[PDB]
Amino acid sequence: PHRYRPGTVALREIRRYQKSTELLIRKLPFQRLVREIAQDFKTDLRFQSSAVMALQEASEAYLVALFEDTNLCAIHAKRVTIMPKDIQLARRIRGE
Amino acid sequence: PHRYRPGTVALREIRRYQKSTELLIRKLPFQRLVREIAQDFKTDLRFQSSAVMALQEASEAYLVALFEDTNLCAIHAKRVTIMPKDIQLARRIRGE
Amino acid sequence: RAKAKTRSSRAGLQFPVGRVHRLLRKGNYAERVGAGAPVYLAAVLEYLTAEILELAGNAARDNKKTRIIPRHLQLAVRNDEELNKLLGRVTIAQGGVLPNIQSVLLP
Amino acid sequence: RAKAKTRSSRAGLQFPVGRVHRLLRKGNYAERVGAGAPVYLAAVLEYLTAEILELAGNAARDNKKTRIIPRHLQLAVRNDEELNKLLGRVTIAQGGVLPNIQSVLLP
Amino acid sequence: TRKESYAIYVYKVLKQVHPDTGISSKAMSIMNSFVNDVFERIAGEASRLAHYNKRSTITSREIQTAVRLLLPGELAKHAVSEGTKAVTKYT
Amino acid sequence: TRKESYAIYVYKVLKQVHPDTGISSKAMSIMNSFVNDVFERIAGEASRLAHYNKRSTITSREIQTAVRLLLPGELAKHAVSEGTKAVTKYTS
Amino acid sequence: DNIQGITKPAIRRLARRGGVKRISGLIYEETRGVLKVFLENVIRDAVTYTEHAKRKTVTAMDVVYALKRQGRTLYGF
Amino acid sequence: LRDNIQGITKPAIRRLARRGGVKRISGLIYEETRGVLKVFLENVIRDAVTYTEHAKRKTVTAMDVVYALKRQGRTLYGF
């Protein structure tokens, strides 16, 4: 069978997910997570669909920027993989 | 010629300059640099002493925080010596 | 008597001076509001909107389409230096990111 | 009539409720300010000042000086976690930083 | 209550800039949010400038200084040029 | 006009917390700047909260929401309790 | 259980949008945790905004104000 | 007077790094931190001089400087 080298499929995924702005995170798990988080602060709390969309967009953009900083730190450390220490360093510099 | 290790006096100076709050950049060169920078904006501009003082405190605090971030980048990259790439990474993470 | 010349048409400016003045007055940001302050704010807003829309239309032209959609706006914001610096802490929905690949990532 | 009573005794606090109401009215944040809003503001400011001064006095006790120094205030601010996230983007003059050294740097 | 919208204004600005380029409803909302955010930022900076020197009024100079503080570089310079041209056309 | 300053109020708070320990004028300026900055932050949050709800007044609920928002962690509920205690003392 | 409701391929796609070639196996839990922290902060701000308005449903509008007051302003809503 | 970027001496940078907990300081970082200190100073100074020119003011006061620092989200206490 045909075999692809490690990286070209990754680069193709990078390209195809950077040209388009589709919703990477599925609607239902993010909505369920939002309801679970909000249920500890206020019981019987509702969320309109556009509110869930907006929160999902903000979360996805924030996580994309955090992953960009994580990859940046990984390249600074001469590393291709991204480690949780990279995320910790990026958040510490960003003060999060 | 008793000589200390190259890195023990470094830690001693780190402790001395972290315990003490005395300013590190001399007031006259910083004031002259501030006047040089401001002469390109407003012709014949005057700086009061407290203005230069506050600018110096803010500048040393920003430089100190950036130095902690670059040091953390250095240890994150399994390194001790900071390099200008660490400063560039720290600036770009905060989007400066 | 004479026909109404309005406010925005007197200055030759498309953005509403009257709406900006009403928002500034109802926003209680100052006890008094000058006459030229809404004119200046509307002019600045129109310039910024025109620059953003021009860059977004250019990006759509590079996208072989003639309708501006928020990915084009995000590309226009992030591509130009001054608008990216102005909107650095600003997130655009349905926009994505710049299609850039690091040097070490490419084979 | 009866003797006038200041707001400090009425609200059981020390921060000036009258001054806070004055800067709220003259600071044009809203066209109206309720009666309890300056009281709540004085209480919150008084509690934050009390917590910061208590932590500064504790830091001075660890240093044995009887006078609060800007170094003591900086140590008090950056030692408390909640004060650290509240005052994170805030510069304190003549305060320095915490003397923290990484384990890999120490021999 | 009713909610204001800058659909026609951004529409006519776009047709003045590109006469043959459309815009979507989501992009209309993005533009609205952008213009409102810039309006709030400039108005807050101008109000702070007025309060800074015990001034109870906001004039064209307050918006000028707010634009120079917020907008960077050549964007700020072109904004001041456009605002000055608008005020001179008004007078 | 008269320049605002919380010098004696901060001093009285210090004395009711640490009567033995004093405070310096540089520390006094730092505390005054902190109090002013927190006051402006909370007042601006209350003003924007009133504007977003189409409200033309700032009440105790505005300050409660502002100190719930800007103040994080245990400080939020502690300031909420202090404000509620002050409100109850005012009403009594 | 909804914290694990988000999927590992979703996190992979999120990193792909961030220009990351490869992802380590133990960073998924850390990304989930920091996402939980960020969502907790934003949801707390939105809950306070909703409770201030005597409202029982979190609209989209106070969500974008909650994000904007954190220096993360959202456009399009 | 020009060429005052050399006023921030190398030992002053070393002291700033020691306050930041830096053990080993490269010889090539001094130019870079002079550049970033210069850039931060032009940003804060341009904000301060816009504040000064707004109020018919010719001498830059400490108040405007710390107000500029706060509007860049770097508020300074003690002035």
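Everything below is about the structure shown above.
Thresholds, definitions, all that
- Residues numbered from 1 in each chain as written, not as in the entry; some residues may be left out.
- Chains lettered and ligands numbered in written order.
- Part of a larger assembly, values for the part shown.
- Heavy atoms only, no water.
- Helix = DSSP H or I, 4+ residues; strand = E, 2+ residues; numbered from the N terminus.
- Buried < 20%, exposed > 50% of the residue type's maximum accessible area, 1.4 Å probe, protein only.
- Contact = heavy atoms within 4.5 Å.
- Salt bridge = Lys/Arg side-chain N within 4 Å of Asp/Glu carboxyl O.
- Core = buried A, V, L, I, M, F, W, Y, C linked by side-chain atoms within 4.5 Å.
- Disulfide = S-S within 2.5 Å.

## Here's the deal with the environment of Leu-89 of chain A
Its place among the elements puts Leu-89 of chain A in helix 4 (residues 84-94). With a relative accessible area of 7%, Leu-89 of chain A lands in the buried category. With 45 residues separating them along the chain, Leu-89 of chain A and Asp-44 of chain A place their C-alpha atoms 38 Å apart. When near neighbours in sequence (up to four residues on either side) are disregarded, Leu-89 of chain A contacts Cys-73 of chain A together with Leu-72, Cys-73 and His-76 of chain B.

## Things to note about the pattern of salt bridges
Counted according to the given criterion, the structure contains 28 salt bridges over all chains. Measuring nitrogen to oxygen at the nearest pair gives 3.3 Å for the salt bridge that ties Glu-81 of chain C to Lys-85 of chain C. Of this pair, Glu-81 of chain C and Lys-85 of chain C both sit in helix 4 (residues 81-86), 4 residues apart, roughly one helical turn. Across the pair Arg-41 of chain F and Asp-37 of chain F runs a salt bridge whose closest N-O atoms are separated by 2.7 Å.

## Overview of the environment of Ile-87 of chain B
With respect to the element layout, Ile-87 of chain B can be found in helix 4 (residues 84-93). For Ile-87 of chain B and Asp-69 of chain B, which are 18 residues apart along the polypeptide, the C-alpha to C-alpha distance reads 8.2 Å. For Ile-87 of chain B, the residues in contact, after removing those within four places along its chain, are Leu-66 and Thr-70 of chain B together with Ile-29, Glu-32, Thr-33 and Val-36 of chain H.

## As for the nonpolar core
Grouped together as the largest cluster of nonpolar side chains are 65 residues, with contacts concentrated most on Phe-34, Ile-42 and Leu-71 of chain E. Tallying contributions element by element places helix 2 (residues 36-62) of chain C first for this core, with 14 residues. The next biggest cluster of nonpolar side chains, apart from the first, holds 63 residues, and it includes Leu-45 and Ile-68 of chain D together with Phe-34 and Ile-58 of chain F.

## Focus: the state of the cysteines
Overall, the coordinates contain 0 disulfides over all chains when judged by the stated rule. No disulfide involves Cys-73 of chain A; its sulfur sits 5.5 Å from that of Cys-73 of chain B, the nearest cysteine. A relative accessible area of 0% means that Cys-73 of chain A is categorised as buried.

These values are about where atoms sit, not about what they do.
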